[PDB]
Amino acid sequence: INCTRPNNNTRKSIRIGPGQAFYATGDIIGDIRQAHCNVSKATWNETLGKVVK
Amino acid sequence: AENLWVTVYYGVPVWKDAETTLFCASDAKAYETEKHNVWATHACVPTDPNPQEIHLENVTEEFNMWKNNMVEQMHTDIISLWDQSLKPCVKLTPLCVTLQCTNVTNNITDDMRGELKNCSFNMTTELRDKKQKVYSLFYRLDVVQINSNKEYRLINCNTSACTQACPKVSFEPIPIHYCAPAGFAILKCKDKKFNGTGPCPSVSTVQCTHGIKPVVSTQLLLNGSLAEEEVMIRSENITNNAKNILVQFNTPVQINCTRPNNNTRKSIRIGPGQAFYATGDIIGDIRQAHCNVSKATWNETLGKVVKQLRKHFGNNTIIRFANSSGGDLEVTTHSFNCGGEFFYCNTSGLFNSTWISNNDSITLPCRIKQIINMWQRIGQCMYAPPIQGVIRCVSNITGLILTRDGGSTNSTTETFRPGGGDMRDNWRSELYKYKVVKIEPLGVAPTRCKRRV
Amino acid sequence: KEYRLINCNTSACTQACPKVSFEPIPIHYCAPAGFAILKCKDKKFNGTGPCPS
Amino acid sequence: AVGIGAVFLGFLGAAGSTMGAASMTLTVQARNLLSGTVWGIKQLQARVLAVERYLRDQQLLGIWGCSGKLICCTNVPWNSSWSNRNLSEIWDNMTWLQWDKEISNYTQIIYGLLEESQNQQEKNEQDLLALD
Amino acid sequence: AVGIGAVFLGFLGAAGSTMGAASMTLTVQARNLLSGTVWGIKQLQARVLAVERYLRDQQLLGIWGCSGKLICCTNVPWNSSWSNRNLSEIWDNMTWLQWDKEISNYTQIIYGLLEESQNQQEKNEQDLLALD
Amino acid sequence: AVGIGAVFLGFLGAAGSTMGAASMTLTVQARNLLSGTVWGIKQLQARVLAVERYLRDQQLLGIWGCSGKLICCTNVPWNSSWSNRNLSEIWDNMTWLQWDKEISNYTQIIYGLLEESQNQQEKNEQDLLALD
Amino acid sequence: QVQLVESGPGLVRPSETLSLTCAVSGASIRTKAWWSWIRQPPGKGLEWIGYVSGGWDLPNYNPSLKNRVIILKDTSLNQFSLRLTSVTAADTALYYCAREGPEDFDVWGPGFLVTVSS
Amino acid sequence: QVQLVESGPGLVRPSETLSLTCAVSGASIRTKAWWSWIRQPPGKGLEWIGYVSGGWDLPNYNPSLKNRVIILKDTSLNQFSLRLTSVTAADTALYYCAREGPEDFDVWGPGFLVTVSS
Ligand SMILES: *[C@@H]1O[C@H](CO)[C@@H](O[C@@H]2O[C@H](CO)[C@@H](O[C@@H]3O[C@H](CO[C@H]4O[C@H](CO)[C@@H](O)[C@H](O)[C@@H]4O)[C@@H](O)[C@H](O[C@H]4O[C@H](CO)[C@@H](O)[C@H](O)[C@@H]4O)[C@@H]3O)[C@H](O)[C@H]2NC(C)=O)[C@H](O)[C@H]1NC(C)=O
Ligand SMILES: *[C@@H]1O[C@H](CO)[C@@H](O[C@@H]2O[C@H](CO)[C@@H](O[C@@H]3O[C@H](CO)[C@@H](O)[C@H](O)[C@@H]3O)[C@H](O)[C@H]2NC(C)=O)[C@H](O)[C@H]1NC(C)=O
Ligand SMILES: *[C@@H]1O[C@H](CO)[C@@H](O[C@@H]2O[C@H](CO)[C@@H](O[C@@H]3O[C@H](CO)[C@@H](O)[C@H](O)[C@@H]3O)[C@H](O)[C@H]2NC(C)=O)[C@H](O)[C@H]1NC(C)=O
Ligand SMILES: *[C@@H]1O[C@H](CO)[C@@H](O[C@@H]2O[C@H](CO)[C@@H](O[C@@H]3O[C@H](CO)[C@@H](O)[C@H](O)[C@@H]3O)[C@H](O)[C@H]2NC(C)=O)[C@H](O)[C@H]1NC(C)=O
Ligand SMILES: *[C@@H]1O[C@H](CO)[C@@H](O[C@@H]2O[C@H](CO)[C@@H](O)[C@H](O)[C@H]2NC(C)=O)[C@H](O)[C@H]1NC(C)=O
Ligand SMILES: *[C@@H]1O[C@H](CO)[C@@H](O[C@@H]2O[C@H](CO)[C@@H](O)[C@H](O)[C@H]2NC(C)=O)[C@H](O)[C@H]1NC(C)=O
Ligand SMILES: *[C@@H]1O[C@H](CO)[C@@H](O)[C@H](O)[C@H]1NC(C)=O
Ligand SMILES: *[C@@H]1O[C@H](CO)[C@@H](O)[C@H](O)[C@H]1NC(C)=O
Ligand SMILES: *[C@@H]1O[C@H](CO)[C@@H](O)[C@H](O)[C@H]1NC(C)=O
Ligand SMILES: *[C@@H]1O[C@H](CO)[C@@H](O)[C@H](O)[C@H]1NC(C)=O
Ligand SMILES: *[C@@H]1O[C@H](CO)[C@@H](O)[C@H](O)[C@H]1NC(C)=O
């Protein structure tokens, strides 16, 4: 299985207080896409055949 | 007779070198003071008085203070104890605030800046709705200029929170005796002349070490164990210069240190049951903290260490001293904790001398930081409470920590500079005598006896 | 006429959790190995001295 | 020295003398092996490491011929390749440290020989008490 | 298998074989019983539970006839109602698991019989050394 | 009482009786000596103090003549200045508490005498097995 | 305040294994006590079967009971059980669980008639 | 730097139990040492009474002292005590506590005249 978030992220340090770091999300460098996973169709159909058997 | 059998002897005296944990021990006189106004006589067993220093004869063990254990364990124990004596005390998170600071009321010249800055600021009271305006004094080394008007902030307020030390617990050293547990013994090399590494021909086993008071000092280590007759220098390698040189001399040099500025502490209520101890009035003159030393005794001890240092570098060798080459504050000066307040005192007056092969008193000015960050952690700073009264202390200088400059290119002179470095070189000045061994019983040996059926 | 709480200038206060109740459950004390608890079973016994039973 | 004539003093005192002289003083090195809010964990792990080492030594003895006899003649022979020295010389000439340096290689085979000898003695005693 | 002929291998290796074959390999199951910031409490309670179980077993042995002999004939007889099988059959026919399933009921009376036998032997030996 | 005739009951039951009667019941006082997020430290230090005391007692026995015999005749004599009473009177007349009050002074010299006697017996047995 | 209550059959066939069990409340089993079984044939006197102890005594019976009596204590359930293997019809008797203490058999059980009949 | 100081009587009746006690400072008792008692009749030579050890040696005395001498060490108080039961007036002597070490009796006590008189 392959899984990815393709949205590139930039973290940003915001100082909450003395020595308190919070990590927010900055810019989306690039396209705004949707995170997704992939599996091979044939191997998944074959393994479903195996578990059916 | 030649049909030799074997025999197991249990309880054979033989040991090996090992690395195990250790055993705290404090004297019961420090236990007599109630509620632990020094750290951890409850986290440390009471010392059995006059324990067994049983001698060993015709025994040769190789000691090595540089790859020694238990100095790492002493460093870890003191660090963990210093952390464990702060978790009760008050965090100074609400103190990080915009400070309106001016100079202290003083007839200051424009050349010499005021070391003390008065600072007024907002502060929360016990009640959340009401805030108060309050003033205090701080040093130059604790405030920076955030950016007409002149407004400051504390130095630590953008790296870490600070924990104010409790005025109950004092930082004066009580002597720590280290003891081995069961199945281990501490061999003390009792040799008079012993340079820290190699075979010690006169050792003695022991169960508990001597009184090792943990002092915190960078150069000019204080109140240590002085040598028997000579002045002994010790190095892991004298030809190497990256390693320090621990100089332990015989006659302890008396040092007098004082802050003459009389101080009045002031309790400011941060919140419910939260006390902060600021500086109030300077009752009297505004003077500068200083540390004396005796001129003749210091010149004599420098002559002694020159006479001893010429052994490892040839007779016709010029030996000169210099001050520290730079870096952070607390390795340039020599720093310590007198009366529960920290001194950072300049040492250029003690190390301007050169030495050829053939009633006064040195004063040297100090500076007083109120916050400290010792051991150089990532997120901890200790604020120290200002103490009442003119403060003085007398101490016995025992040894130096020197460093040879990286001399090349065919020079007769070889200069020395005092370098603090790691704190472990203090404890390596007091754990050179001891090592820890594991007893292994049940040796086996051939003899002539057969077990009958 | 404005008030404050009584404790607010000596200490902070911890509100008790409504889960944990303060009603006493009986505690039995027991000795460990190598120790024994002697109970003076005398009827008339004023707390001090020889207990014959 | 002080303990001359009546050859004894405190523990590890015989460690410099020869092994023949040190053999008469073994009870105290056997003795000083057991007795002696986060530091309690250090104290406790030291104490249980001490009793674990002592129990391992007592179990190593107990599977051999001697439970607590503290000097045990046994039935395994001695390879003279191991010592390869004069027998009465080592009891007037060598320390236990030097002897343990000598037979450092020749270890852990002796213990299996001891276990084989003790199990053989046990099965022989079982047969002897069986046929009677 | 690999350990055929010279019948031994690692601990619990004889657990499948018969009790007669397993009786020759008992030293290692005796051996692997002792040696082996909040997790230190778990480690410590595991270690002290191990040494408490081992000391309870050694004390149960020590009040009987054998301190560390590891095979002990004794003076108590055997009720044949308990085993009620052929004697030499069980050493070639039964595992220790099946034998412990057999005498699960007939337990804890044997131990008091052993204690009575040992105390009787002790008072008899005290009388024997007293009148001499 | 209930245990009259067959003189036994639970542990510390014989503590009121005379030492001659109490001598027949010693196995249980020996038995009830070992078995029995910050409170775990208290439980653990209690358990390891119990096993440390038990191991110190077993080691004090093991360096004497008896490992686990629980009644040990030995080879040291008795100074009659210590007891200075009629011998058979104390086994029908005295409790163990009163006897321990009697010989409170005369202690810790007996133990060194026991160690000297055991080491002398060990060197005599070593010589006896050596010349054979 | 101790209370002993027997439980088990009162009608069994001869040449079988008889077993009762007496529950104990009001006190503890592991006391200075012999938890005992005592019987009585009907119209006749008592017959002490045996005891067991809450300490570590070995149980001692009447030798007339022919080694067929095993009294087993259950300290985890505060009970103690009589056994009688190979019974006969002449062993019909009231059975009693009791407690020997510093006084002699203070708290008994009520005592139940086991009538062994074929 | 060791310092030994005797304490006790100097005038006792004969046929009694004599006992001194020497306090030790400057070092430890449990060292490679025999903490010893040595006496001297007045005008005459020394007379070694006996010793005790800070290790685990059994104390060994002069057999001329007729087994009336028990030297007992007190490691919890850094002391060691002489005893002498059934004294006579001829046992009048200066008494000395001392320390046998790798050198021979370096630090003594000052030595006090016990004059046994009736
Ligand atoms: C540890 O201790 C040592 C020992 O004192 C300190 O070393 C001294 O440091 C100071 C400065 O840090 C050195 O500098 C001296 O400053 C004096 C004051 O400066 C005023 O005057 C000069 C003009 O001379 C102006 O430019 C300046 O803006 C100030 O208005 C000077 O007067 C000194 O000059 C000296 O040398 C010249 C040479 O021509 C002479 O003509 C002068 O009369 C005078 O003697 C000098 O510039 C001082 O030199 C150091 N002392 C020594 C003995 O060398 C360390 O600073 C201290 N460590 C730390 C961290 O502070
Ligand atoms: C302590 O808290 C008080 C209360 O907030 C602070 O006082 C206030 O500070 C602000 C910032 O300077 C003042 O605003 C400015 O005031 C000046 C002068 O009036 C005006 O010219 C500016 O335009 C701006 O409004 C505010 O007035 C002032 N309030 C009061 C009542 O003084 C104070 O700064 C805090 N710190 C200290 C050290 O007192
Ligand atoms: C070790 O000793 C030497 C002198 O032998 C010290 O050198 C001196 O260092 C100071 C500052 O570190 C120099 O002061 C200068 O003052 C002017 C005045 O305003 C300032 O503008 C400069 O920036 C500088 O601060 C001083 O000139 C210098 N001495 C010489 C002769 O050059 C050195 O600091 C000492 N090191 C330590 C750690 O004390
Ligand atoms: C280095 O060591 C010596 C301490 O013995 C100190 O050297 C001193 O340096 C000052 C510099 O102004 C000298 O002051 C003047 O020197 C000229 C000669 O150049 C002289 O004619 C003047 O009358 C005036 O004294 C001073 O004499 C000199 N000391 C000696 C004994 O010659 C200095 O304190 C040390 N360096 C540092 C950085 O601490
Ligand atoms: C998941 O991603 C991996 C990335 O490595 C793919 O593996 C590669 O697939 C290509 C296409 O067939 C091959 O040419 C490479 O040799 C493969 N490399 C490795 C290391 O396996 C994989 O095919 C992907 N799977 C799916 C189902 O998308
Ligand atoms: C450091 O301060 C101490 C303060 O006690 C000084 O010691 C005194 O010095 C004076 C002057 O010589 C003597 O009269 C006193 O007898 C000393 N008292 C004691 C207790 O020693 C010491 O001299 C100072 N040292 C230096 C180098 O300044
Ligand atoms: C899986 O593969 C078989 C063989 O080609 C096919 O008949 C079947 O329809 C496949 N399953 C799916 C869900 O496509
Ligand atoms: C140290 O004393 C000697 C002897 O008086 C003298 O020659 C030397 O110059 C002194 N050293 C210093 C740095 O004054
Ligand atoms: C022990 O074995 C090593 C090889 O591992 C060998 O070098 C050494 O010489 C041996 N020791 C002795 C004393 O022969
Ligand atoms: C063990 O006793 C139980 C009764 O508790 C009985 O059911 C079982 O059959 C007995 N076991 C054997 C092997 O007879
Ligand atoms: C034990 O010794 C003390 C002296 O310490 C003495 O008073 C006491 O009488 C002695 N005990 C007996 C029973 O004599």
# chains A, B, ... in the order shown; residues from 1 in each chain; ligands from 1
$ residues_around --residues "residue B:323" --least-positions-apart "3" --cutoff "12 Å" --atoms "only C-alpha atoms" --output "PyMOL selection string"
chain B and resi 219+320+326+331-334+346-353+402-405+415-420
$ write_last_selection --atoms "N, CA and C atoms" --output "tab-separated table (two decimals), in the first residue's frame"
chain	number	residue	atom	x	y	z
B	219	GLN	N	37.71	28.27	37.68
B	219	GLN	CA	39.13	28.33	37.97
B	219	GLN	C	39.30	28.46	39.47
B	320	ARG	N	55.36	31.54	31.56
B	320	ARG	CA	54.59	32.73	31.84
B	320	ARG	C	53.11	32.37	31.89
B	326	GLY	N	38.99	33.96	26.37
B	326	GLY	CA	37.67	34.45	26.05
B	326	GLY	C	36.65	33.35	26.14
B	331	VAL	N	33.59	31.11	32.12
B	331	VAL	CA	34.87	30.46	31.94
B	331	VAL	C	36.01	31.47	31.81
B	332	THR	N	35.71	32.75	31.57
B	332	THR	CA	36.74	33.78	31.59
B	332	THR	C	37.14	34.10	33.01
B	333	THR	N	36.17	34.42	33.86
B	333	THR	CA	36.44	34.72	35.26
B	333	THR	C	36.58	33.41	36.03
B	334	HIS	N	36.61	33.50	37.35
B	334	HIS	CA	36.40	32.33	38.18
B	334	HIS	C	35.14	32.58	38.99
B	346	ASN	N	37.14	38.45	38.35
B	346	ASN	CA	38.18	38.56	37.34
B	346	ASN	C	39.51	38.06	37.89
B	347	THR	N	40.30	37.43	37.03
B	347	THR	CA	41.53	36.79	37.47
B	347	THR	C	42.75	37.31	36.72
B	348	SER	N	42.67	38.48	36.11
B	348	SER	CA	43.84	39.01	35.43
B	348	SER	C	44.91	39.46	36.40
B	349	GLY	N	44.55	39.77	37.64
B	349	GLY	CA	45.55	40.15	38.61
B	349	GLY	C	46.38	39.00	39.14
B	350	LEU	N	45.93	37.77	38.96
B	350	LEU	CA	46.63	36.61	39.49
B	350	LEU	C	47.52	35.92	38.47
B	351	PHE	N	47.41	36.28	37.20
B	351	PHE	CA	48.10	35.51	36.17
B	351	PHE	C	48.85	36.40	35.20
B	352	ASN	N	49.39	37.51	35.66
B	352	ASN	CA	50.29	38.30	34.82
B	352	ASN	C	51.68	38.18	35.41
B	353	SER	N	52.40	37.15	34.97
B	353	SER	CA	53.75	36.92	35.46
B	353	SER	C	54.52	36.14	34.41
B	402	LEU	N	44.71	24.68	34.86
B	402	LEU	CA	45.45	25.43	33.86
B	402	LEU	C	45.35	24.75	32.50
B	403	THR	N	45.82	25.47	31.49
B	403	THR	CA	45.81	24.97	30.12
B	403	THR	C	46.99	25.59	29.39
B	404	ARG	N	47.80	24.75	28.77
B	404	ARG	CA	48.90	25.23	27.96
B	404	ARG	C	48.36	25.72	26.62
B	405	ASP	N	48.91	26.82	26.14
B	405	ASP	CA	48.58	27.27	24.80
B	405	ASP	C	49.23	26.36	23.77
B	415	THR	N	53.30	29.30	27.76
B	415	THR	CA	52.39	30.05	28.60
B	415	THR	C	51.24	29.19	29.09
B	416	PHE	N	50.65	29.62	30.19
B	416	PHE	CA	49.55	28.91	30.83
B	416	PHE	C	48.39	29.85	31.09
B	417	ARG	N	47.18	29.38	30.80
B	417	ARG	CA	45.98	30.17	30.98
B	417	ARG	C	44.99	29.37	31.82
B	418	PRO	N	44.32	29.99	32.80
B	418	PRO	CA	43.34	29.26	33.60
B	418	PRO	C	42.06	29.05	32.81
B	419	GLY	N	41.66	27.79	32.67
B	419	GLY	CA	40.45	27.47	31.94
B	419	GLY	C	39.52	26.59	32.75
B	420	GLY	N	38.28	27.01	32.91
B	420	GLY	CA	37.32	26.26	33.69
B	420	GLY	C	36.88	24.98	33.02
$ select_by_dssp --residues "chain A" --states "strand (DSSP E)" --output "list in words"
residues 2, 3, 4, 9, 10, 11, 12, 13, 14, 15, 16, 17, 20, 21, 22, 23, 24, 25, 26, 27, 28, 36, 37 and 38 of chain A
$ write_last_selection --atoms "N, CA, C and O atoms" --output "short mmCIF file (atom, residue, chain, number, x, y, z; two decimals), in the first residue's frame"
data_model
loop_
_atom_site.label_atom_id
_atom_site.label_comp_id
_atom_site.auth_asym_id
_atom_site.auth_seq_id
_atom_site.Cartn_x
_atom_site.Cartn_y
_atom_site.Cartn_z
N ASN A 2 0.49 2.24 -0.76
CA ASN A 2 1.20 3.51 -0.82
C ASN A 2 0.28 4.60 -0.31
O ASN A 2 -0.86 4.70 -0.75
N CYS A 3 0.75 5.41 0.62
CA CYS A 3 -0.10 6.47 1.13
C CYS A 3 0.68 7.77 1.14
O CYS A 3 1.87 7.78 1.45
N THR A 4 0.02 8.86 0.77
CA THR A 4 0.71 10.13 0.71
C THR A 4 -0.24 11.28 1.00
O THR A 4 -1.43 11.22 0.69
N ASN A 9 3.79 21.36 3.15
CA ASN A 9 3.53 22.18 4.32
C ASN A 9 4.79 22.86 4.81
O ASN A 9 5.90 22.34 4.66
N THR A 10 4.60 24.03 5.40
CA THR A 10 5.67 24.78 6.05
C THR A 10 5.29 24.97 7.50
O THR A 10 4.26 25.60 7.79
N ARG A 11 6.10 24.45 8.41
CA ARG A 11 5.79 24.68 9.81
C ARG A 11 6.24 26.07 10.22
O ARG A 11 7.07 26.70 9.57
N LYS A 12 5.66 26.55 11.31
CA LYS A 12 5.90 27.92 11.76
C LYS A 12 5.89 27.92 13.28
O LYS A 12 4.92 27.49 13.90
N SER A 13 6.98 28.40 13.87
CA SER A 13 7.11 28.43 15.32
C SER A 13 6.49 29.71 15.86
O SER A 13 6.90 30.81 15.48
N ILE A 14 5.50 29.56 16.73
CA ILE A 14 4.86 30.66 17.42
C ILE A 14 5.20 30.52 18.89
O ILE A 14 5.05 29.44 19.47
N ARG A 15 5.69 31.59 19.50
CA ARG A 15 6.10 31.54 20.89
C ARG A 15 4.90 31.80 21.79
O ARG A 15 4.39 32.92 21.84
N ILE A 16 4.44 30.75 22.47
CA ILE A 16 3.34 30.90 23.42
C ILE A 16 3.79 31.69 24.64
O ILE A 16 3.09 32.59 25.11
N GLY A 17 4.97 31.37 25.16
CA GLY A 17 5.50 32.07 26.30
C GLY A 17 6.99 31.91 26.40
O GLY A 17 7.69 31.76 25.40
N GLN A 20 8.13 28.27 25.31
CA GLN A 20 6.96 27.50 24.88
C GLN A 20 6.82 27.69 23.38
O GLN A 20 6.48 28.78 22.91
N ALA A 21 7.08 26.63 22.62
CA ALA A 21 7.01 26.68 21.17
C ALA A 21 5.78 25.94 20.69
O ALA A 21 5.52 24.82 21.13
N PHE A 22 5.01 26.57 19.81
CA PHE A 22 3.87 25.95 19.17
C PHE A 22 4.12 25.91 17.68
O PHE A 22 4.64 26.87 17.11
N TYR A 23 3.75 24.81 17.04
CA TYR A 23 4.10 24.57 15.65
C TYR A 23 2.83 24.62 14.82
O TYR A 23 2.07 23.66 14.78
N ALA A 24 2.60 25.75 14.17
CA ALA A 24 1.43 25.91 13.33
C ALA A 24 1.79 25.64 11.87
O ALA A 24 2.96 25.48 11.52
N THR A 25 0.78 25.62 11.02
CA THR A 25 0.97 25.41 9.59
C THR A 25 1.04 26.75 8.90
O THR A 25 0.19 27.62 9.13
N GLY A 26 2.05 26.93 8.06
CA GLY A 26 2.25 28.19 7.39
C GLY A 26 1.61 28.21 6.02
O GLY A 26 0.39 28.29 5.89
N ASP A 27 2.43 28.16 4.98
CA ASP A 27 1.97 28.22 3.61
C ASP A 27 1.81 26.83 3.03
O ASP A 27 2.50 25.89 3.42
N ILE A 28 0.87 26.70 2.09
CA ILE A 28 0.76 25.52 1.24
C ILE A 28 1.57 25.83 -0.01
O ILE A 28 1.07 26.49 -0.93
N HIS A 36 -4.17 10.63 -0.13
CA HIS A 36 -4.79 9.43 -0.67
C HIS A 36 -3.87 8.24 -0.50
O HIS A 36 -2.66 8.38 -0.31
N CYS A 37 -4.46 7.05 -0.61
CA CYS A 37 -3.72 5.80 -0.61
C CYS A 37 -4.04 5.01 -1.87
O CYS A 37 -5.09 5.17 -2.48
N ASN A 38 -3.10 4.15 -2.25
CA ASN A 38 -3.18 3.29 -3.42
C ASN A 38 -2.89 1.86 -3.03
O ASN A 38 -2.02 1.60 -2.18
#
$ closest_atom_pairs --of "chain D" --to "ligand 9" --cutoff "9 Å" --atoms "only C-alpha atoms and all ligand atoms" --output "CSV"
residue,atom,partner,partner_atom_place_in_ligand_line,distance
D:82,CA,ligand 9,13 (C),9.0
D:101,CA,ligand 9,13 (C),7.2
D:102,CA,ligand 9,13 (C),5.2
D:103,CA,ligand 9,13 (C),7.0
D:104,CA,ligand 9,1 (C),6.9
D:105,CA,ligand 9,1 (C),4.9
D:106,CA,ligand 9,1 (C),8.1
$ write_last_selection --atoms "C-alpha atoms" --output "PDB file, in the first residue's frame"
ATOM      1  CA  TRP D  82      46.553 -25.741  33.183  1.00  0.00           C
ATOM      2  CA  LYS D 101      45.409 -14.180  35.887  1.00  0.00           C
ATOM      3  CA  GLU D 102      47.011 -17.573  35.265  1.00  0.00           C
ATOM      4  CA  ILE D 103      43.848 -19.669  34.917  1.00  0.00           C
ATOM      5  CA  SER D 104      41.697 -17.033  33.216  1.00  0.00           C
ATOM      6  CA  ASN D 105      41.620 -19.125  30.032  1.00  0.00           C
ATOM      7  CA  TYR D 106      41.090 -22.401  31.909  1.00  0.00           C
TER       8      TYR D 106
END
$ atom_distance --atom1 "atom 11 (C, counted along the ligand's line) of ligand 6" --atom2 "atom CA of residue B:288"
21.9 Å
$ residues_around --residues "residue H:66" --least-positions-apart "3" --cutoff "10 Å" --atoms "only C-alpha atoms" --output "PDB file with N, CA and C atoms, in the first residue's frame"
ATOM      1  N   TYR H  61      45.361 -13.320  75.022  1.00  0.00           N
ATOM      2  CA  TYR H  61      45.977 -12.667  76.162  1.00  0.00           C
ATOM      3  C   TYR H  61      47.256 -13.391  76.558  1.00  0.00           C
ATOM      4  N   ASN H  62      47.918 -12.845  77.556  1.00  0.00           N
ATOM      5  CA  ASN H  62      49.010 -13.549  78.207  1.00  0.00           C
ATOM      6  C   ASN H  62      48.427 -14.623  79.119  1.00  0.00           C
ATOM      7  N   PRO H  63      48.854 -15.884  78.987  1.00  0.00           N
ATOM      8  CA  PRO H  63      48.305 -16.946  79.853  1.00  0.00           C
ATOM      9  C   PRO H  63      48.638 -16.790  81.327  1.00  0.00           C
ATOM     10  N   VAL H  69      40.901 -11.915  82.232  1.00  0.00           N
ATOM     11  CA  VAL H  69      40.991 -10.696  81.439  1.00  0.00           C
ATOM     12  C   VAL H  69      40.113 -10.854  80.209  1.00  0.00           C
ATOM     13  N   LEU H  84      39.420  -7.220  84.652  1.00  0.00           N
ATOM     14  CA  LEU H  84      40.291  -8.025  85.508  1.00  0.00           C
ATOM     15  C   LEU H  84      39.474  -8.425  86.737  1.00  0.00           C
ATOM     16  N   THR H  85      38.966  -9.653  86.735  1.00  0.00           N
ATOM     17  CA  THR H  85      38.224 -10.164  87.878  1.00  0.00           C
ATOM     18  C   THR H  85      39.178 -10.751  88.914  1.00  0.00           C
TER      19      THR H  85
END
$ residues_near_ligand --ligand "ligand 6" --cutoff "9 Å" --atoms "only C-alpha atoms and all ligand atoms" --output "compact mmCIF listing (two decimals) with N, CA, C and O atoms, in the first residue's frame"
# COMPACT_ATOMS: atom_id res chain seq x y z
N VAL B 253 45.83 28.75 49.98
CA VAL B 253 45.94 30.20 49.94
C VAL B 253 44.63 30.80 50.43
O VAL B 253 43.56 30.48 49.91
N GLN B 254 44.71 31.65 51.44
CA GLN B 254 43.51 32.24 52.01
C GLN B 254 42.98 33.32 51.08
O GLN B 254 43.71 34.23 50.69
N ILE B 255 41.70 33.22 50.72
CA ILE B 255 41.04 34.20 49.87
C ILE B 255 39.88 34.81 50.66
O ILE B 255 39.15 34.10 51.37
N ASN B 256 39.74 36.13 50.57
CA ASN B 256 38.65 36.85 51.19
C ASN B 256 37.81 37.49 50.10
O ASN B 256 38.34 38.25 49.28
N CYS B 257 36.51 37.22 50.10
CA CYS B 257 35.61 37.73 49.08
C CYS B 257 34.43 38.39 49.74
O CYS B 257 33.93 37.91 50.76
N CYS B 291 37.37 40.36 45.51
CA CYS B 291 37.99 39.23 46.19
C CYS B 291 39.46 39.51 46.39
O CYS B 291 40.19 39.67 45.41
N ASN B 292 39.91 39.56 47.64
CA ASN B 292 41.36 39.68 47.83
C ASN B 292 42.08 38.34 47.81
O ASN B 292 41.46 37.29 47.74
N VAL B 293 43.40 38.41 47.96
CA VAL B 293 44.35 37.31 48.12
C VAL B 293 45.61 37.96 48.66
O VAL B 293 45.82 39.16 48.45
N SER B 294 46.47 37.20 49.34
CA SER B 294 47.72 37.76 49.87
C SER B 294 48.81 37.70 48.81
O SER B 294 49.01 36.66 48.17
N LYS B 295 49.53 38.81 48.64
CA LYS B 295 50.47 38.96 47.53
C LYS B 295 51.68 38.05 47.68
O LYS B 295 52.09 37.39 46.71
N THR B 297 52.06 35.27 49.58
CA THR B 297 51.72 33.85 49.52
C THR B 297 51.36 33.42 48.11
O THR B 297 51.70 32.31 47.70
N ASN B 359 53.18 42.73 52.56
CA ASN B 359 52.03 43.02 53.41
C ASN B 359 50.85 43.48 52.58
O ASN B 359 49.78 43.77 53.11
N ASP B 360 51.04 43.56 51.27
CA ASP B 360 50.00 44.05 50.37
C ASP B 360 48.98 42.95 50.09
O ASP B 360 49.01 41.87 50.69
N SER B 361 48.08 43.22 49.15
CA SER B 361 47.00 42.30 48.83
C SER B 361 46.51 42.59 47.43
O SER B 361 46.26 43.75 47.09
N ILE B 362 46.39 41.55 46.61
CA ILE B 362 45.85 41.72 45.27
C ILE B 362 44.33 41.77 45.35
O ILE B 362 43.69 40.81 45.77
N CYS B 393 33.02 36.14 52.80
CA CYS B 393 33.36 34.74 52.93
C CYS B 393 34.87 34.59 52.86
O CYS B 393 35.56 35.34 52.15
N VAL B 394 35.38 33.61 53.59
CA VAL B 394 36.79 33.26 53.60
C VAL B 394 36.90 31.84 53.09
O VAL B 394 36.13 30.96 53.50
N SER B 395 37.86 31.59 52.20
CA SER B 395 38.02 30.25 51.66
C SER B 395 39.48 29.90 51.51
O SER B 395 40.36 30.77 51.52
$ atom_distance --atom1 "atom CA of residue H:21" --atom2 "atom CA of residue H:79"
6.8 Å
